[PDB]
Structures are given as structure tokens and as C-alpha cells.
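Everything on this sheet refers to the single structure shown next.
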Amino acid sequence: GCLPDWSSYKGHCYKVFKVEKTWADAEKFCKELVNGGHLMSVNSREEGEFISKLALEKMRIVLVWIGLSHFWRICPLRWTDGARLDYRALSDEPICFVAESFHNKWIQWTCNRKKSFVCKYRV
Amino acid sequence: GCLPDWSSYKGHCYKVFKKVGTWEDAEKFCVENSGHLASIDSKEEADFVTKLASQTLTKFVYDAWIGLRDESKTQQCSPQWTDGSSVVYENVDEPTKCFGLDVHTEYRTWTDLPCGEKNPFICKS
Amino acid sequence: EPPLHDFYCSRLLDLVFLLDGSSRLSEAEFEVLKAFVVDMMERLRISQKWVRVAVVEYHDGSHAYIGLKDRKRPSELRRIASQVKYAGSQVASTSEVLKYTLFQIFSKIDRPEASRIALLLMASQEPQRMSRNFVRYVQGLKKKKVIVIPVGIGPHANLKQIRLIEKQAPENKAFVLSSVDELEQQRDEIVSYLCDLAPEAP
């Protein structure tokens, strides 16, 4: 299917890294690694379970960075009394996501904290 | 000014309730009192509700619901992935789309929280 | 007593081993855990002037087998660690143990030169009720400069609490292992990190 050390799954290739890097660096690492490569994105339940088995089985990894994050001034935050949120008493820091290879749940996690990850590219 | 059990300020009346309730319920009640969950505009009205919350919830072990939430149709709010993929499927263990005054910072910071987590709240009329 | 293995952290350090005592770990798994504590100790210059060691098995409450001021033979301590009785309780309150660590173990920083580290070996999740003051304790530690290294083991670890800890400071590097078997593996990567947080005897 794919190329050495990368596992193949439905037109895509995944490789788990134990190296433990930050979210923003892990993504940068997946890009300057493979042409059109990225930090793993889960578009189905079966794809997520494939990754977890890959990360848990051949590497016994529990947490991995996923290509999902955002800042609050990006979300549709609205009040209930009508006012328009301009006073951002919310940290500007971004939210990041890790996947757990046990149940496949996604958990918010501090971005600037090293975590093993998973890269993904399309053949 | 308002009801004795409440506190007036800038043409608005607030009050912190020790009794817990989901973000939903908390609002359904604020409305039942001709209002909504507190909303902050100025930094003035902010530290005010901070004191107001600080004075009432003297113990600091609970977060107080406010009137801010994430309208997002999705579990988490990121619409696109890093690879350009549209966020269709999700599996967030527990999405947090309802904000409340962060008690771990003395109610001065806002923290998103699980809507459904029974916390005390703040109403405004 | 001379250095058993080459890995021989010799810096000013006060390390506290907190061992999950819940039944989320079989008896055998607990032994593998206890074996971990011993291995680590075989890689530390356990002296009152270098690396002091403490071992605590927590469950409903906390039971200390070794304290930082226990001036015993380094071999005698590892022997104690290896013989740590198995509780198997239903709940292993991390809050209760971190409270203990903060209000008892490091109640007074009488060793200002050394670094304080709490290796929180956890394999379960305490009921949301005992977690009332969790953050307040973790914060208290941050003030006492007591680094807290959350080590998640098995599929029942808290993760939410682990994350909370790793969020207080970067020094609180977390480790999420698939099982106790991963203790043997990542044992060294842990001692290196643990060691690199301690000063250096001038």
C-alpha cells in the first residue's frame, strides 16, 4: 500500500511518533516530512479505531496529537441576554486535541506541552 | 433597589445562587426572574460580578455559570482540520460549550465548562 | 553503599513515590509497580545529602512506608519498598494523597537547596466528590515549588487530573503509559528528567 514504516488505510498513510513534540511543532514536523502530510485527522469512527490500534499495538502509546485546534475569537460565542461579546475575558491561548488510544476519545490539551503524535498523508 | 436578595448596578440587577443547576436550567431560572445569566460588557461590570460572586461563594470550590456559550453546531468549535479536511465526524470525550467564572482564579477568569455540570450561577435583569 | 547501575542520579533531590492502591491494579500489577519504585531507587544516590526518598501508598487515605528523613541504608529502603503491602481498595484519592504530600511531607521546606518532586503513580479515577480541593492542593505545591510528575498507568488513570497537573507548570511533565509493563521501559527517560530538575552539589 504505502511506503515503508507508514501504515496504509483507505487511501491514506499513518505513522505514530513517540518522539513527543508540541502540537504546533508536530504538525510542522508532519509537513516538512511528507509532501502533503499533516498531523492526523479523524473523519470516521473506523479510522479512529485504526489509529488507536496502530498507536497502542505496535507502539503502546496512549496519547497522540490530532490536527484539531482553535482559538476562542474564532468560535461563535454568544450571550443569552443579547449583548455582543467584545470584552474577551477568555485566554487568547489556543485549544488543542489529543486522542487516547484506549477508547478513542478526543481531549482538549495545552498546546505547548510535548505529546507523542501521528502524521497522515494521502497517496 | 431591586429585590432585597439581589444587588443593583448600572440599571441591572444581579444575584448569585448557591443552589446548583446545569447551564440550561440555570438560564431557565434566570428567565423565570425576568432576565438571563449574567453578561459582562465592561471590565467594571466584570470585577463587580467577581466580587459579587466572591462575596457569596466564599469557599472557592465551584465555578459560577454566566450567560456565555458556544453556538457551534459541532462538539468542539474548530471547523477545519490542519489538512484542510472539513470537521464532519467528532469524538470529543466531553465537549465544553458553556462558560462560567473560573473559581481557580478567584472568579476573575472565564472558563468554558461542560454544559450539564451543576454549578451555582448568576442572574441579571 | 556504591552505585548499583550506571544510571546514578547524584543531585540534590527530594523525590516522593505515591503508589495507587486501588483495585484498578491486580495484585501482580502492584508488584510490577513496586518493582518500578525499587528500580528507580537503584538509580539514585539515596543519601540525606543528595537524594532523599519517600514512598506512600494511597487509597482511602495515605500510608507512608518511607519518609525523606528516614536515615536508613539505601538497600534497607528498597527492601521496604519491595515489601509494600497490597491494599486493593475501591478508591485511591489522589487529592487525599497530594493533600498529605503538601500538608505533611513538604509541610516545611527544611531542604531549600534540593528540588521537590512528587512522582504521582496513578492508575485510577477518584470519585468526583473527593476532587473538591484537587486544584487547590496542586496549586499549593506549585507555591512550595513541589514539582508534581503525574504518571498515568492503565486505562483507568484520570487524564483529566493528569492534564490539570501538566497545566500548572511545564515541569510537571506527564507520562501516560499503556500498562505497568511500560514502567520498565520508560523508567530511564523518567529518571533523567527527574534528575535534570534537581540542582547539583557544588
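Cβ atoms come from the backbone with ideal geometry, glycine included; neighbour counts cover every protein chain shown. Computed from the coordinates by the stated procedures, all read-outs in this text should not be read as laboratory data.
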Restricting to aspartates and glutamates and to Cα separations under 14 Å from residue A:105, and discarding same-chain partners fewer than 8 apart, the set is A:46, A:47, A:49, B:90, B:93, B:94
Could you please report the charge total around residue C:201, scoring K, R as +1 and D, E as -1 over all other residues with beta-carbon less than 10 angstrom from its beta-carbon? +1
For the protein assembly as shown, what class follows from the C-alpha gyration tensor (a ≥ b ≥ c being the square roots of its eigenvalues): rounded when a/c is under 1.5, otherwise prolate if a/b is larger than b/c, else oblate? oblate
What list of whole percents do you get for P(r) of chain B, with Cα-Cα distances grouped in 10 Å bins up to the one holding the largest distance? 13, 42, 28, 13, 5, 0
Helix-only CD estimate at 222 nm, as mean residue ellipticity for chain B, using -39500 (n - 2.57) per DSSP H run (n ≥ 4): -5500 deg cm²/dmol
Calculate for chain C the 222 nm mean residue ellipticity that helices alone would give, adding -39,500 (n - 2.57) per DSSP H run of length 4 or more and normalising by residue count, nearest 500 deg cm²/dmol. -9000 deg cm²/dmol
Obtain the nm distance between the two label points defined at residue B:55 and residue C:50 by a simple spin-label model: each point lies 7 Å from its Cα along the Cα-to-C-beta direction. 5.9
Counting sequence-distant residues (5 or more places) and residues on other chains, those with an amide H built under 5 Å from that of residue B:97 are B:113, B:115
Neighbours of residue C:154 by Cβ distance under 11 Å: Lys/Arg at +1, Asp/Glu at -1, summed charge -3
A correct fewest-to-most ranking of B:58, B:82, A:22 by other Cβ atoms within 10 Å would be B:58, A:22, B:82
May I ask you to derive the relative contact order of the range B:18-106, considering only C-alpha pairs under 8 Å and at least 6 residues apart, and to give it as an integer percent? 31
Based on DSSP H runs of at least 4 residues, each adding -39500 (n - 2.57), what is the mean residue ellipticity at 222 nm of chain A after dividing by all its residues, to the nearest 500 deg cm²/dmol? -5500 deg cm²/dmol
State the antiparallel share, in %, of DSSP beta bridges confined to chain C, rounding to the nearest 5. 15
Once the in-chain neighbours fewer than 8 apart are removed, the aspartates and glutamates whose Cα is under 15 Å from residue A:28 read A:20, B:83
Between the Cα axis of helix B:43-56 and the main Cα principal axis of chain B, the angle (0 to 90°, nearest 10) is 70
Using θ = phi - 60° and Karplus 6.51 cos²θ - 1.76 cosθ + 1.60, couplings along the range C:146-162 (whole Hz; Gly, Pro as x): 8, 4, 10, 9, x, 10, x, 10, x, x, 9, 3, 6, 6, 6, 6, 4
For a footprinting-style exposure proxy, rank C:79, C:111 by other Cβ within 10 Å, fewest first. C:79, C:111
Residues with amide H under 5 Å of residue B:38's amide H, sequence separation 5 or more or different chain, H placed in the peptide plane at 1.01 Å from N; which? B:67, B:122, B:123, B:124
Compute the helix-to-body angle for A:45-57: its Cα long axis versus the longest principal axis of chain A, expressed 0 to 90° and rounded to tens. 60
Amide H contacts under 5 Å for residue C:149, placed H, 5+ residues apart: C:118, C:119, C:120
Over chain A, what is the mean sequence separation of C-alpha contacts under 8 Å (at least six apart), divided by residue count, expressed as relative contact order in percent? 41
Cβ-Cβ FRET estimate between residue C:129 and residue B:10, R0 fixed at 56 Å, reported to 0.05: 0.90
I need the phi-derived Karplus couplings for the range C:188-202: 6.51 cos²θ - 1.76 cosθ + 1.60, θ = phi - 60°, integer Hz, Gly and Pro marked x. 6, 4, 6, 5, 5, 4, 3, 5, 5, 9, 8, x, 3, 5, x
I need the phi-derived Karplus couplings for the range A:116-123: 6.51 cos²θ - 1.76 cosθ + 1.60, θ = phi - 60°, integer Hz, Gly and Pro marked x. 5, 9, 9, 9, 8, 9, 9, 5
What order do you get for A:3, C:15 when you list them from fewest to most C-beta neighbours inside 10 Å? A:3, C:15
